[PDB]
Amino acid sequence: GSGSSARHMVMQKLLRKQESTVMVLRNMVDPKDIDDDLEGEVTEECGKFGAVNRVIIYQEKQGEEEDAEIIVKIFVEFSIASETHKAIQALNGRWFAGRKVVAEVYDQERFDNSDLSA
C-alpha cells in the first residue's frame, strides 16, 4: 500500500482503455456555418491538441415541431484521452465571437453507438 500499487501501475492500462476520447463542442457554431469545409476546419484546428480520428457535426432539434430550434453539436474523437483533455482545457469557457464555448467529454459508448443526443 501507501502508493505501491500505483508504482506498479496496477489497473492503469485498463482504466486508460475505458476513458472516453470524444469531445463535444456544444452550440459553438450556428447552422449557417455548416458548409463543406467546417468538418475539415475543426479537424485541422484540433491537430493543435492531438491526433484526430474523426469529426461529426450534428444538428440537433430542440422540440418536435417543424420550426423547432437547432443546436449544433460538434464531436471530435481523438486518438487518446489525454488529447481530448488538452483540447477541452484550451477551448472550454472561451468566447467565440459572442458565444461562450462549452467543451466537454462525451460518453464513448454513446458515441460508438451513434447516440449523439446527450
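The first residue of the sequence shown is number 1, and the count goes up from there.
Just going by the entry, 78-86 versus 25-33 on mean CA temperature factor gives the higher value to 25-33. Just going by the entry, 95-103 versus 9-17 on mean CA temperature factor gives the higher value to 95-103. Taking the deposited Cα B-factors for 42, 51, 72, 68, the highest one is held by 68. When all modelled residues of the chain are sorted by CA temperature factor, residue 57 is found within the middle third.
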